[PDB]
Every structure is written in structure tokens, then in C-alpha cells.
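Letter by letter, the chains look like this.
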Amino acid sequence: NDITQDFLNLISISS
Amino acid sequence: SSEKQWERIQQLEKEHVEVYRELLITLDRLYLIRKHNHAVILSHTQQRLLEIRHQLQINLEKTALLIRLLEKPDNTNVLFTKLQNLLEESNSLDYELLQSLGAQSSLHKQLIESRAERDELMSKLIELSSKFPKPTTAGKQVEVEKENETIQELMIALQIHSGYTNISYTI
Amino acid sequence: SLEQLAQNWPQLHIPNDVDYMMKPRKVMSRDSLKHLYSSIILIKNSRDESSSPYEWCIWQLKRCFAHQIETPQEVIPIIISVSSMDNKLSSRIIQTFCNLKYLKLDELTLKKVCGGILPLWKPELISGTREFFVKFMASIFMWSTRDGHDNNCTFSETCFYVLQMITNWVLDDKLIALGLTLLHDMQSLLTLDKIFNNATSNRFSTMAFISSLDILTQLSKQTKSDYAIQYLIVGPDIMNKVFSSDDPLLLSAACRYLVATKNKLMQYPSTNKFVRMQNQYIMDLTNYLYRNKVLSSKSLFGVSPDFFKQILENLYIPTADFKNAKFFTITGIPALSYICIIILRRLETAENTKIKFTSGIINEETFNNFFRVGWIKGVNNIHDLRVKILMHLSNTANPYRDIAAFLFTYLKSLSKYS
Amino acid sequence: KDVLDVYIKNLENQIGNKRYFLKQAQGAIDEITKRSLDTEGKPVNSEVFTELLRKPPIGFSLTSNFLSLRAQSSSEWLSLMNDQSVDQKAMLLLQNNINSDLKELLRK
Amino acid sequence: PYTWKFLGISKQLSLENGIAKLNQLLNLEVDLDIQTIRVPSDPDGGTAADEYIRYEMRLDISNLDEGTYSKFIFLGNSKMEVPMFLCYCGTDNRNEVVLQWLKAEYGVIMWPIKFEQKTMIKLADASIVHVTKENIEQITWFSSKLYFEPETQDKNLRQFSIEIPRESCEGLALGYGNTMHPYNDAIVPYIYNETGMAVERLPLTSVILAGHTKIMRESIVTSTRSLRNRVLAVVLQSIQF
């Protein structure tokens, strides 16, 4: 669950 | 008149507020790669907390630079009634926003039970269809029907030709 | 004729001319029959992938996306009616067309078909489908930015379109946790600075928070769906922002979820760090307003004692005498200040004395200024006036009773005021 | 009008005083990055993160953007929720219309 | 002048299934043709993607009656999304009776064929190219002219045309060099090269060759005996997604 949140946060960082 | 001035006010407000935002971001960037040792892209746990800090700073700025001309009106210069009007419009729209959300949730529930009832109705109707069988002198009778068609057509035609007063449907 | 159709129904065979069924006196007209014709095929053939009309719906949908059809909206209402049922084949309507590749071809056509099917659809896949949809919410992200806006309101619709699907996901006993796991992921995406912040308040993100929190409160008041003990809240970093951002609607469902989260807290041991941290999340928000200890508090949702210097020094604040406290209290919070004002003249009607306040904010000096510019006797300080504002705010006059009720819940000192 | 026109000019003052502040930011980034050993590193410890989190007419201006943008958007997606609700109520009206045909087939 | 009506197919069907049972409904004999050939997309080599199957038959007894003559030509693939399409010419009952017979047989439903500028120009390339019995490709050229009908208010500019003598067509391809697509590299850019108008962006009504074909979006008209194979193939890729 938290891994998906971290992945979304990293994607937003890249964007 | 004053509406155009207000529109330009809000345009420059957007512009300088956003430049303030990225100045804050790049200025804490001037900090954060120097403050600890070399970090810039750590996860949204304290950079999340950094934006929580940014929001707290901005709202403190609001409540500081708001107890102001608003508190002591100039009675002719519109700096504070505009913000008031924004307050009332937001607060009034939010109530109906929330009740719209509630109505939408209720509608979604209703659709759920509608799908359920349609499901058991379809099951029962499938059972009923399965209960039914599968889809798949007679020549003299066909000739009699053809003769009746010819006779009725010819009687109708002749009665119309002669102007008969008792022309009726013939089968 | 409809009656003539009933007699030969056991012996009626159906030729396959699909859209002639779908495309819209002595003997009854054909138009009345074609409404029943669609239901006839639905009952003549069981719901399966081999049904010709079901394949026709897929084929005609692809025509609209590629603009092969003469007009895209000709068959959209027909597809909506047919695809409402058939949970086994309603997924393939979504699963095939939820990829971001179809979004590039036409974003408008995807919206009207996405919004009308997701509320109806039920969870089927145990795994494979949360991440696929989470990719779609991530697909709209860095896609509106590609379009030109940091958050174009296709995302707002799709966030809610999958949110009502979660209601179907959580109401059904199976895969109830799958909706919650997606719910924490989707909320974690909406809290970030890029999509929303105080300065650029495009609060579609925060409205999807409460619409998610409303489902969390609807699921709660009772322990049917239990969040992970190490997680319990949506996120320790996720909804401490929603307290900092003073949106009146955002603070309501959060406090309702805080009550919901608290209702799960006493079941868990009090020695847990997350339980203590979430406990710290219920005091500090109640501290954050109407406590006069926010600046003295070592933690403001994770914030040390500062902010008082610079902007206040760039232009001197003309106030003093506990000037920090009014920067914090609910009557001093700019968004919550006028909600107290709306309560204030409701309290004024309750107190049977009517007088208009000078400003939409209520604090120490403004109340003194409001005093010096006709009102009940016995109270002259802002401490008791804020009390009389809050108890009436604790009545169902505004939907933001949730903040006032939560404040009186914690702490026990605030309990006696209610 | 004219008093408002000053508000444009003395926030044009702030944007002029800000673009150089912006310009000196990346100007100062490319020596503060040299002062750091690397561009990317480990998360900051709390003690100087506290120092990170100790130093913070703009505030009055911030109130307009935050509060006007949250109200101009109030009527945009509300209709989208309403239209979805309108769509939901429409196909619920059609739901009973189809439901009526199911009963008729049961009777036949 | 024979006008061709175009039409597509949803999923791959089998047509030789019952030529004996396709006749008693129509009360006269209909023959069958089974045929497949190579369609080189690239002269250097061709993969299995050009594997095409074509059917052809007619519905007639009277060779004297040239007017009441119709042909149904089928061609298509089996591995991409849309398997095949179909075309026919002439107006008669015979142009549809079989069409209902496979209306209710296979469950495939029809749709009119749409052409736009991305496809319309490239058809003439397949029309002008020729193939001999020795698999040698040479081009027979034609003086192409274009029809433009721009939609506008006041009808200020309602129709204008561009004409190219095809000896100048010869002078353009030779300048570019040996090309397999002359309208990619000699003609269409040259109109943009001199006059600055984009042919593709502008609404194009018709592309006319000198006495060989007559191309319009609504329907294709050709004075030949029967349509060729490259034309059908390029139509197939164009209607493919």
C-alpha cells in the first residue's frame, strides 16, 4: 500500500 | 471601471503569488542541499512536511496581513470587501457541494441495489426460458385463403366502381 | 404485435442483424417492439463473450474513438444502456478502454463513457486491477500538464468516477480492502504540492479527499473495514496537510474521519508510535485553534515554534496582546472566521440582540473595535464570545459542526464547554 | 480606481524586486551545489531540519488567490457532479422503464 | 465510367461455404474465384503481413447487357483488427440479395467508407504504378489535377484547382531521384515548396488523373475493366487504425 503511494510521489517528483 | 482594475489585480496576484511560490521552493532548495549535506529528491515525507510548512506560512500571512484595512475600513477603497465577498461565495457554495456529494453517494447505492434486483430477475427469467421448448388439407386451406383474398379484393373493387352504399371490410 | 410475439416465443428464432435492433394504425408500429427486442436478445442468449450484440457494443465503441463513425455521440446512449448490466462483460468495457492510449485519441469521448459505467461496475479481479486503475489516475497526471494545465478537470471527474467504484468495492464484502488500498493511494497522489496548494487553490484535489473521507466515515461508525495498524490513517504525511489547508469542507470530513479514526484507536494499544502520532494529530488540530499554545507547542503537525518574525516585520501587524492566538483560533482562521460570523448573528438571534460585526474575522482587537463602534450584557471578552460561537457551531447550523464537535471531544477541558 | 491603480504598481514593485530574487536563486544554486559534495543525498536529520523549518502586502494578496480560486471552481465540477447525478437519475428513470419490461415478460 | 461503392467487414468470414445454397434463393448460377498473390510493401523483401486472400464473382447471364453488370470483389487479411472490406459497382437488386443472405448468416455489420486527405492522395500512387509479367515495376504517368472546395463565409473562395502537366511531373521525380512514392517527394511538397499551401490541411474534393481514374471521397470512379491489387491494399491500411 505505502509502496504505491511512494511510487506516485516519485512520479510526481519526476513530473 | 473598477471591475477591470480588480481583474488586473487578480491577474498580477496570480503572477506574483506563483513567483513567490517557486521562490520559496528554490530558496529552501538553496537551504536543503546545504543544510544536511547534499539531498534534493528525497521522498514526500518532509518535502510533504515542507509543503505543510508552506501552507502554514501562507495562512499565517493571511491572518497577519488580514487584520488590517479590513479591521479599520477606508469606507471608499475596495481592498477588504472583495475578500469578504469571496468568503461568502465559497462558504455558500460549499454547503450545496457537500449535499451534492451526499446525493451522489445515495444514487450510487440505489444503482447497486437496482443491479442486484435486475440480476435475480434475469436469473429467474433465464430459468423460465429454459423451462420452455427450444425455438425451431393444409394446401387446401392455403388455397381457400387465397380464394378468400381474391374474392374480397374483387368485391371491394367492384363495390367501389359501382358506388355501392354498403361497402364494408371483407376478410 | 406484442401479443402475437408471446404465443410464438417458445418457437421464435432470432436472425443476427444487431444494429437494426439498436438503431431507432391497423397493426402496432415497429418502434414499440425494438425496445423489447433489446431485452429479447438479453434473455434469448445468456450473458457471455460470444453474444453478437455484446461484440457489437465493443466494435461500435472503437469506431467512436477512431472517429470512423459519422458522429461520435450517435451510439453512446445505446452503449450506456446495454453496458449497465453484465458485470462479467462490463469489466471488458472498462478494462480494455481504461488504458491511457485511448485517452490520447479522444479525451472527451472517454469521459462520458467512463462516468456512466464505473458507478455501476462491481469489483471482480482480486489482483491486477487496483494497480491498473492507479496507473490511470497516474496517467491523467503528467497528461493535463501535457495538455497545458497542472490539473485540468478531466482528473477531477475521473478521481470521482473511480471513487464511486470504491463505494461498490467497499459495500461488497469481497475486495473491501482493495478499495481502501486504492483509496490511500489516490489520496496520497492528491496531497502533493504540484496539483494543489494554498497559493493555487484548485481544491478539486481536496474535495476528492472529503468525498473519499465521507466513504471512510460511512464505512466507519462501525468496524467492518479495518485499516492497517501501522497505517491507520490515510497517511501520517497525507492528511496532516488537510489540517494545514483551512478549507471548511476539508476540515469537516477529516474531523469526522478523525472521530472514525479515534473510534479505532482505543481498540489498538496506546503504546504504538502511530497511535501516539495519530493521537498527536487529534490534539494539535484541536490545539491549532482556540488554545493559545500553538506557538508554544513543539509540534504543529510536525512544526517547531516559529513563523512569527518576518512577514509580520515586513509590514508591522497593528495588533498585540496575544496576537499569536488570534492567528490560530477558529474565529481567527480566515476561512473559518466568517463561518463563526455566520454563527455569530445566529447566536445574536439566539441572544435576541442584533448588531453587525466590523469584519468577517473575530479576534481580540476587532471585537474591542466592534465594541467601540445594542448587545448582550455580561460578556465583554473574546474568550467567552468564542465559547458562545463554538457551542452554536456545535449545533447543526453549518456542515462544519464537525470541527466544533471534534474540538469539544478533545480535550476534556473543552468537553465541559459543550 | 487610482487608489487601486497604486496596488498594481506597488506589486509591480514586488515582482520587479522578485525576478532578481528569482534570478539570483539559480545563480546561487550553482555554487551551493558545488559547496555540497553531490546533487542528491540522504534525508535531513531533524535538528537542522528544525533549522530548515525555523526560517520562513504579500500575505493580503495570498488571501485573494487562495479564496477566489476555491470559489470560481465551485460551480465548474459541481455541474459535473450534478450532470453525473442527472445522468444517474436519468438512467434510474430508465432503470424502472426496463424493470417494467422484465415484469411483463414474467407475466407472459 | 464505372463507379465503385466501398464497404468494410467487421470480422473475417468464409464465403465459399455454400455456393450451391447461394443460388436457389436467386435462381441462377454464380461462379467462384479463389486467388492469392504477392503484394510487395517493400521491393527488397516482404514479410507474412502481405498475405492476402481475394474472392470475386458475378450475378448475370447476359453479356450483351453491359449496363446490368455488377461484380463483388473481396480482399483482406486475418491478423490485424479489421480483416477485410468489399467493393461493388452498379445499381441492381443483385447488388444486395446476397448481401442480406450474409446479413443474417455471419453477424457482420457494414459501414460506409470514409476518406480524408491522409489517404486520398496516396491512392493515385497505387493507380499509376504498373507491374509486368517479369516482376518489373515501371510507372505510367498521368497529368493529375486536384479539386479544392474550401468552406467559407460570403463564399469568397468556394472552389479552386491546381493542374500539373505530367511532363513536369517527370521533371520533378527525376530531380528528387528514383522514388517508389512520387507524390511523397516530387509533387505534394513542391506545391507547398512554391505556393506555400498545405494540400493535406486544405479540404480536398477530388484528385483526377488523365483518363485513368476519378478519385473522390464519396466514391472512387475508374474506367478500367477491374480494380487492381495495390489500390485495395492501401485502402485496407488506411481504414486500419
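Residues numbered from 1 in each chain as written, not as in the entry; some residues may be left out. Chains lettered and ligands numbered in written order. Part of a larger assembly, values for the part shown. Heavy atoms only, no water.

J.: Explain the overall build of chain B here, please?
T.: The helix and strand tally for chain B stands at four helices and zero strands. Reading chain B from its N terminus to its C terminus gives the helix and strand order α-α-α-α. Rg of the C-alpha trace for chain B: 41 Å, well past the compact-globule value of 16 Å for 171 residues, more than 25% over. With respect to the three principal axes, the spread of C-alpha positions in chain B is 105 × 50 × 30 Å. Expressed as a percentage of its 171 residues, the buried residues of chain B come to 44%. Accessible surface, chain B as shown: approximately 9,100 Å² in total, 60% of it carbon and sulfur. In chain B, the 21 positive side-chain charges and the 25 negative ones have mean positions that sit 10 Å from each other. (Helix = DSSP H or I, 4+ residues; strand = E, 2+ residues; numbered from the N terminus. Rg over C-alpha atoms; globule rule 2.2 N^0.38 Å. Buried < 20%, exposed > 50% of the residue type's maximum accessible area, 1.4 Å probe, protein only. Areas by Shrake-Rupley, 256 points an atom, 1.4 Å probe, with all protein chains shown as cover. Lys, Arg positive; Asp, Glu negative; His and termini not counted. Charge placed at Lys NZ, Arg CZ, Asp CG, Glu CD.)

J.: I tried to follow the overall build of chain C on my own but got confused; where do I start?
T.: When helices and strands are tallied, chain C shows 23 helices and zero strands. For chain C, whose C-alpha radius of gyration is 28 Å, the value lies well above the compact-globule estimate of 22 Å for 418 residues. Reported as C-alpha extents along the three principal axes, the dimensions of chain C are approximately 90 × 50 × 45 Å. Across the 418 residues in chain C, those meeting the buried criterion constitute 59%. Counting every atom, chain C has about 16,900 Å² of accessible surface; 57% of that belongs to carbon and sulfur.

J.: Before we go on, may I ask you to explain the interface of chain B and chain D in this structure?
T.: As a measure of interface size, the accessible area lost when the parts come together is often cited. Listed as interface residues are 63 residues of chain B and, on the opposing side, 69 residues of chain D. A buried area of about 6,500 Å², summed over both sides, lies between chain B and chain D, and 70% of it is on carbon and sulfur atoms. Area buried by chain B at its contact with chain D is led by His36, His38 and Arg53 of chain B, which between them contribute 10% of it. Linking chain B to chain D there are zero salt bridges. On the surface where chain B and chain D come into contact, there are 19 residue pairs in polar contact. Those elements that provide at least two residues to the side of chain B that touches chain D are α1 (2–35), α2 (47–64) and α3 (81–131) of chain B. Sort the elements by how many residues they give to the side of chain B that touches chain D and α1 of chain B lands first, with 22 residues. (Contact = heavy atoms within 4.5 Å. Buried area = accessible area lost by both parts, 1.4 Å probe. Salt bridge = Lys/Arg side-chain N within 4 Å of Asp/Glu carboxyl O. Polar contact = N/O pair within 3.5 Å; in protein donor to acceptor, adjacent residues only side chain to side chain.)

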